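Accompanying notes for the structure given below.
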2 protein chains.
Amino acid sequence: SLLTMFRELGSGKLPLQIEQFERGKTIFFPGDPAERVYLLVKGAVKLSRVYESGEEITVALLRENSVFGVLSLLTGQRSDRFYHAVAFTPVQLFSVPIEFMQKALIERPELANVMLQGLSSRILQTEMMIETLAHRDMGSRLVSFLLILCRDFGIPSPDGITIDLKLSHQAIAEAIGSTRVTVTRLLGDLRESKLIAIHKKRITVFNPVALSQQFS
Amino acid sequence: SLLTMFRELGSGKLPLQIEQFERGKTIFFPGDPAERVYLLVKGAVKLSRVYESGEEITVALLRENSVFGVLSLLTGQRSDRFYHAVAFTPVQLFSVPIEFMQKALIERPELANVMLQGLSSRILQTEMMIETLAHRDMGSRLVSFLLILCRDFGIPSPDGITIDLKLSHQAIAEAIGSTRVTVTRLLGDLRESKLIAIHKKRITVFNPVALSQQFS
């Protein structure tokens with residue numbers, strides 16, 4: 001899938017590193033030196049800004065075929081990490097040394113338009129992430145989060161929009177700012193409201209319009 | 001200065017609109033339709049996210065020759081404004097209809113690398129803006145803000161780093177989240193501490209290292 005990108009616009013040799021982490025493992029930490037640009041092959045990586053105290057606030061959840069840990073290079077000023085990249089699901093990654101990401105962007109500058117557009121979408125997702133976390137109650141906050149996952153991780157089904165993640169209650173909490181107890185109570189209150197289906201741990205939403213419209 | 005960009009990579013005709021607003025005037029509001037991309041010629045434009053309640057939180061302060069109101073176009077999904085653009089100083093702007101910003105990015109894709117890098121710097125500034133506003137006290141918050149202005153709006157002088165803005169006490173407050181009373185008390189407490197100079201309403205910082213190092 002990604003290799004198809006590489007094989008096109010290509011008649012050379014490219015150094016990279018495959019790396020595979022288990023769920024909940026740090027990929028890089030803020031402060032860490034940005035030495036290589038990352039490319040998500042399989043899985044989801046959760047980017048979160050770690051606050052100058054103890055706090056951690058979720059900034060973006062990244063889908064397959066997404067590029068990250070690039071901002072340090074692009075700026076040309078800052079030379080070390082911006083956020084805390086966590087393996088939300090198990091992840092397969094391509095680490096590519098900064099140099100080559102520069103060489104690509106120079107020679108094949110169409111790559112800039114694609115990555116320019118890709119970064120914009122990232123910000124929109126962060127904007128929805130901010131609007132999500134601003135709700136004072138955990139109910140409207142969960143809905144917003146699940147609506148984000150529908151728009152960016154949803155697989156259309158006659159059942160509904162399956163959120164293709166297989167995600168745990170405790171994992172949702174650390175992304176939303178609650179507990180694997182309030183999440184469990186809310187999801188049941190939604191399942192028995194005939195608005196959600198839970199198979200495996202995948203969550204299918206029957207109607208995103210109907211889910212959206214409850215301040216709960 | 002900007003015209004030099006236009007004249008190079010150019011052998012056609014380009015529609016735009018000059019527009020000039022007075023300080024504190026709205027350029028566009030969130031929700032407003034994104035119809036044309038903006039280009040700051042002279043002055044500073046303050047981008048602030050207006051919260052789903054009454055709140056307004058400052059996201060970026062833009063320097064001369066900076067491009068803005070582009071994100072809606074880049075995403076290709078959202079078709080209306082992201083933030084509230086305010087004329088921080090009096091501003092001269094170029095409004096360019098989205099179409100042409102697309103035509104430019106396609107034909108002259110080097111323009112993507114430049115704008116890709118420019119957007120990264122914007123995010124770094126927002127990251128410093130977040131770190132600025134996270135301080136519980138107004139003292140450390142003012143310092144961070146003035147340090148941002150030094151790095152992005154500073155003119156080196158044997159005096160020090162003059163923040164080339166001519167900015168009002170009440171204007172600083174609305175960007176920092178205080179009052180034109182606590183700002184006036186703090187600036188005097190810094191002037192008489194031999195750390196700031198105020199000429200006109202320009203603020204010169206003698207030593208950014210010395211200013212930085214006080215949790216006050």
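Just remember, in the structure tokens the first chain shown is A, the second B, etc., residues are 1-based per chain, and ligands are 1-based in the order shown.
For stretch 54-83 of chain A, backbone-based DSSP assignment of alpha helix (DSSP H) covers residues 71, 72, 73, 74 and 75 of chain A.
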Close residues, residue B:45 itself excluded, 7 Å, only C-alpha atoms, min 2 positions apart in chain, as an NGL selection string: :B and (43 or 47 or 61-62 or 85-88)
At most 10 Å to chain A: residues in chain B, only C-alpha atoms, as a PyMOL selection string: chain B and resi 49+51-53+70-78+82+102+105-124+127+130-131+134-135
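Distances here use only C-alpha atoms; by that measure, the residue among A:202, A:7, A:46, A:103 closest to residue A:146 is A:202.
If only C-alpha atoms are the atoms counted, then among A:22, A:190, A:138, A:203 the closest residue to residue A:168 is A:203.
Of the listed residues (A:150, A:177, A:99, A:196), A:177 comes nearest to residue A:55; the distances count only C-alpha atoms.
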Shell around residue A:96 at 6 Å using only C-alpha atoms, local window under 3 positions removed, as a ChimeraX atom specification: /A:16,36-37
Dump as a compact mmCIF listing (two decimals), in the first residue's frame, selection limited to N, CA, C and O atoms:
```txt
# COMPACT_ATOMS: atom_id res chain seq x y z
N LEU A 16 15.65 3.13 5.52
CA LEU A 16 14.60 3.32 6.48
C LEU A 16 14.73 2.24 7.53
O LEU A 16 15.49 1.26 7.42
N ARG A 36 14.67 11.08 12.70
CA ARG A 36 14.04 10.42 11.52
C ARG A 36 12.53 10.67 11.49
O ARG A 36 11.91 10.68 12.57
N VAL A 37 11.97 10.86 10.29
CA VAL A 37 10.55 11.06 10.07
C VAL A 37 9.82 9.70 10.07
O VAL A 37 10.31 8.70 9.58
```
Test item: residues at most 9 Å from residue B:211, only C-alpha atoms, excluding those fewer than 2 positions along its chain, as number ranges by chain: B: 143, 147, 190, 195-196, 205-209, 213-214
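Taking only C-alpha atoms into account, residue B:19 lies nearest to B:95 out of the set B:178, B:66, B:193, B:95.
Counting only C-alpha atoms, residue B:32 has the following residues at most 10 Å away, ignoring those fewer than 4 positions along the same chain: residues 28, 79, 80, 81, 82, 83 and 84 of chain B.
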